[PDB]
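Below is one structure, written out as structure tokens; the observations come after it.
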Amino acid sequence: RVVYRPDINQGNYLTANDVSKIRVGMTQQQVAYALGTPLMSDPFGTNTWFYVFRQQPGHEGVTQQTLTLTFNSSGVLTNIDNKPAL
Amino acid sequence: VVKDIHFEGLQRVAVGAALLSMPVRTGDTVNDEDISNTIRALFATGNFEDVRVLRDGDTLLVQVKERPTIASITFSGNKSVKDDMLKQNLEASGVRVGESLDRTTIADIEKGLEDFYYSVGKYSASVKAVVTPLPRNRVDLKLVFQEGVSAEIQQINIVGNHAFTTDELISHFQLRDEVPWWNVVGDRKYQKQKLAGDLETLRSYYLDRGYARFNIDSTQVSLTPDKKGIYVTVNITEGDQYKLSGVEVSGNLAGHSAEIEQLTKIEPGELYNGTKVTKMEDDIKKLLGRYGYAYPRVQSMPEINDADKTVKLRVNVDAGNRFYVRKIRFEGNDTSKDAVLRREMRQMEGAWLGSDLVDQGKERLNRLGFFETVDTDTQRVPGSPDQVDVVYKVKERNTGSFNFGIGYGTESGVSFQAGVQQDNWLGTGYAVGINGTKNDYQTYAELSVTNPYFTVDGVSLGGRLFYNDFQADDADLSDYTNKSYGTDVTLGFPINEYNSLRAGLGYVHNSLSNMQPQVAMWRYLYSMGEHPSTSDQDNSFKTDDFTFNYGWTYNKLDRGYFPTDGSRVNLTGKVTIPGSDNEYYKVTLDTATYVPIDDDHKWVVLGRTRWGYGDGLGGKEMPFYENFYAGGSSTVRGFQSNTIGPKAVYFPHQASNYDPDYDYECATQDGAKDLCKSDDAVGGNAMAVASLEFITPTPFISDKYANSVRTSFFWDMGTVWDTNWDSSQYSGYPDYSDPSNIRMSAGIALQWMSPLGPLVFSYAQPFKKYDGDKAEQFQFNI
Amino acid sequence: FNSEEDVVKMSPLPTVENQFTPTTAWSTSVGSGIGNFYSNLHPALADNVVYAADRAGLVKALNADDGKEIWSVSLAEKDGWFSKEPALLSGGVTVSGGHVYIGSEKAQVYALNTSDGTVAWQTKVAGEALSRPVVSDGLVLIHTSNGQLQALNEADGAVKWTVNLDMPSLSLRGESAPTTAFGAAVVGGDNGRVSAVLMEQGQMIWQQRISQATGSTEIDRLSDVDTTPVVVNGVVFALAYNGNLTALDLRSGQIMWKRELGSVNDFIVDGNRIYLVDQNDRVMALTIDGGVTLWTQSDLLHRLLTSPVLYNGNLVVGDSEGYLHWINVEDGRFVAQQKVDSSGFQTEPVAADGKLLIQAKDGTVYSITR
Amino acid sequence: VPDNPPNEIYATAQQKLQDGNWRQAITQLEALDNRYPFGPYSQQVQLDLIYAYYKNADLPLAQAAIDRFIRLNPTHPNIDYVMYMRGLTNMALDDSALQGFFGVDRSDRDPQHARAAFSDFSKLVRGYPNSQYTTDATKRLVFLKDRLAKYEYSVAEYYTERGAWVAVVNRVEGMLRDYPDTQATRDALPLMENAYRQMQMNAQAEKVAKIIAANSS
Amino acid sequence: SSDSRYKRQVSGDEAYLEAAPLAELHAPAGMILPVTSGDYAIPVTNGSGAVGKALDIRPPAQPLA
């Protein structure tokens, strides 16, 4: 037990704008554009996409927004949800 | 028409390729114009021509004789340059060794080479090649060249300079007009590159004055044809001071203009200087590099207003990207765990871009030294607009610590004393220290081992040991019978990133028997309360000590073996716990630092001074083996081992558990039998050493390598004495109770670092003669 | 360290066999001190009246009488960006009476008129003042080694005729005196560019060049050559940077023809008699004949200074090591008799007022005659 | 370097080659070649001297000469031999050590030369599915792939050691499309579900638990 | 670099004839994934050559004049 730690963070750097903008059907072209390189989908299974962020400093708190996405085989923004801050 | 055609004297090309090379063949009416065609084709072969064409009847012989081959090497007259550089200036020039070498080529290449001499800015008068043909087809040339060397015959001239004195400006130059050499800090020589440099230098200077408009300037370098007229002038035309009044940005940015105005924080009525503005530019770029956008672009358009010298400022910035990092790849762990390599890291594969952070990890490495190469190659995946990927190629340097031991003695066994203190152990980072001495009277064990790594914190336990049987008896007794068993292990853990804190525990046994005639020993015995003898060499003692061992150290080390501008400190201390066989109070503190006066840092200066102080806790004193010793060492050279120090007198020792004959003089039976002043460097309970030198890789060493030969010229200072010292028993004897033991020594330190061991030649001329100076101006260490 | 160049040095002193023993020595010295610094400074004999100086902003009027001192003035200026602002003086020597004309490397020229006194009217010239100044027809003539060429007026200065020549990049050492004639002047260049302003606007009649010089097909490091041609009979002859004879016969205009010959130093003409030293430091003589020569020489190759003059039927050439070598009863007799100084010498020798005039590298003058 | 003609110098070359004075063998080799760099004997000595480099372990010279020839003669019968020896050189580069001589504590260094040997031998075996070396070079390649699987295994092991769950997962997917054949592959699979838990990657986790139960033996 | 060795065994151990072969892994019903991404391809038609260290590693010579 050390009293404190350096903070740790992970990908999917976004804004509340970055969620308020997009919506259903929006093509993966537009979405991967306006939201950036999507860094989380399944190598096997549906066109389901994920945006997750976390930050853990010095033994305190949790900042876990976990945005799940799907497209269809064609690619349609569809079946979307985030769970923010864990 | 011909029916047969035969060639010879080729040695290089088949008859088929040769016949298909020249235009004529068999099966066509060979007429005179075909003969001229052979003539002109041989001429036009370009690498070889010799037209000897005779068609008598129906037979055709086309004969081209070959100046090839040749193997000319004899680069003679190489007096300032290497012959291989000459070979380069052939091959890289296009005079490579594929050698046909028509006789014409001699003057052409000689003279293009002399051209290269001028390219140096230099000259060489004779350049001659001498045909030595080898009678297979080969030749060699005696390449004799006498030099016309011309490097610095400078002469400064400046025109248009009327807002300042030329010389104010000259000062900061690299290109200098042959000043007395003892002022040298850096370099002074000519080169067209030196030109371009100094040019830009003062350009920049003048414009960052606030002075704006000057840019017009042409080269005029007067050259008296002596190799020596180096007389150099350039036109200029001063521009306009402006006041910095007005700044504005064009933020094509994700939104940081708050932080921007925060940064481009400009006072009214300011005066312009390109310095601060270049700065602010850079500053903003850095503020954003952490933000991932590794690719902006700015044009700072200063609204130069005349009649007010207003440089209103307009800049314009474009955004970059957020997140790339996708691969963290290294080059060089040929026999190495890259585990530790990633241990020195803090940035993460898989986030957005603070380039600074990979930079931090790298420079952290480079602080660790042990390797010589920079590499941060950050490649972005073609086929994805993001996902740049940093690469790291560094060239390590080995460490092997070995010494060989055989002899040399007269009445004692062939010595096998071992120095092997190995480190960063090739497959790991782990380090071991073993100094095993087995010399015919002395079997002193030594262990000191440590893992750099136990945790993600990287903590380290120092497994360390010694076991010393130091007797060095005359026969078996009255000669300090001793055993000493000292055990200790230590951990250190900092979180200050530069300041280590050490705290460890140590045990030692120490055995005594057959005390000696040093009165201070008996005196310490009485300090403990132990009644020892005074004329008998019979006194014994054993101890088993429980002392705490705590340390600290500051660290900012620019390199490894040759760190620059070192800023690094050590704290060290020992204290005894309840339940031990010792009590004392001893402090010791050492310091070493650098300053490179060169900023190419070819010239650094050492700042090194150390401190050591010991006394006792309640009722007791600092034990004797814990005293500070010095002389003829790499803190003070010119003496013999630990020769500087106080000198202990002797009590009359005559009934001394066989006080020997012809042996142990200074108050023995055979010798004088009364009180005896003995000359014996005992070392004091307090020490502090200062030493100074200068880093200069001399031009007289072939500095074709800059990290294995080291060149020093040192001076030092010292005085060491007893603090718990009196004259009641040193009335007629010398007194050591203050800093009084001054010795001085100046000397050169001669070092070339070969991986296996250092050749430590050391002459120091010890000149501040304090009593007990037993000098040795040669200590050849390894 | 930098001297392991074991070159063939000065071809040794020849004999001093000379009926003509150096007889006079009227001494006088500025004590300075020119040293290694390179320019044309040279005694001015204005009606046997001399005016001496050195490279510090100095004056002293003398007299070809054994040289008594007058007008001893110092010109280095005390206020401004510095105290006395060291005057360093690379200018050729010319006057019009006491209207003494010269500028220095400082790109600033003083035409003091020590006939009406300290008439220290000045102009900070475009380009820099190095060559020997030439006054033609109420105008002053300018070869600033700047690629520029001006014209101004005497006792006043007035910038005009602003001519630009072109330069070789390596920044060679050719400074040049214009030889004025026919509303034109005959000056030299270093790119070999041969041009001749008929002084109309600054109007050359010219685009040709000497193709043989230094800078791209550079030549060796001793090709010192006088860059100042002279018209005779309308016929001008050229002294190219590299050893290259050329005769551009100016017939109120440009007529050109190169009778090329190597080894260029500096020249004199005697009707048809062309006397000259070859850049080997050897003296050839020639005629207007297409370049047919006479007068071999080798005894003084690489003898440092070879700076010529003639009077008394005596070919007299200045050298370093302060000697005198007397040609005379001309060829084949070339031999000397003198070693005058240790300072050596650098500049043109002046045989003026029938007399002999020269500065010493250190100190002014020790007037010696046959 | 005496001046024995290619005959004598070459014979003594064979003497010290089959003899095993590979250093002096190379001395006489270069004697002949620098004396006579022309001819089919010159090319034969080229091949036998790349052999002798590999014998004397002259890997800088070895790689130098072998690539000099590969660009030099890009058309040959022994191209199989050439790819063979060159991949072999990549190996020898990548695996020269003391603990490797002990055969212990290895496979955690720069596998770049392993990558080189792999590319080489693959080019060989598919450009030449038909050679004395084809089965052999195949054994090479499979060994190398397996070794790497292990190496990178250790690597991302270190990641998750430091906790680089993401970086781990990424290396996983990498080898997944690369070569999920070796033991290290299935071996690493559980660590995937570990990271899942670390990040609470639930559905993916139990899905891969199912699929590994199908794959795990 | 030989010590009466270095002809018919690799430097150190060889694991070729010691190689752990391919693991054809069984995916559940419909659980397939991209089989390959690169060089991962072998022409099985070959051999059996002088497999292991039983092959003339010396240069196969050629006739000379």
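What you see of chain B is 25-806, where the numbers are those given in Swiss-Prot.
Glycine is treated like the rest: Cβ placed from N, Cα and C.
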Is B:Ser551 annotated in Swiss-Prot on the same side of the membrane as B:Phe791?
yes
Among the residue ranges B:249-259, B:304-314, B:436-446, I'd like the one that Swiss-Prot describes as transmembrane segment.
B:436-446
Give me the DSSP three-state residue breakdown of the topological domain 'Extracellular' (B:640-708), ordered helix, strand, coil.
3 helix, 10 strand, 56 coil
Which residues of the chain, 6 or more past the ends of the transmembrane segment (B:733-745), have a CB below 8 A from one of its CBs?
586, 652, 654, 659-661, 668-670, 707-708, 710-722, 725, 727, 760-777, 788, 794
At a C-beta cut-off of under 8 Å, are there same-chain residues at least 6 beyond the topological domain 'Periplasmic' (B:578-590) that contact it? List them, or none.
390-395, 421, 522-524, 616-620, 625, 628, 731, 734, 777
Sequence-remote partners of the transmembrane segment (B:609-619) [C-beta within less than 8 Å, at least six residues beyond its ends]:
587-599, 628-641, 646, 650, 652, 709, 711, 719
The topological domain 'Extracellular' (B:601-608) - residue tally per DSSP class, helix then strand then coil:
0 helix, 0 strand, 8 coil
Between the transmembrane segment (B:523-535) and the transmembrane segment (B:564-577), do 3 or more CB pairs sit under 8 angstroms, pairs being 6 or more residues apart?
yes
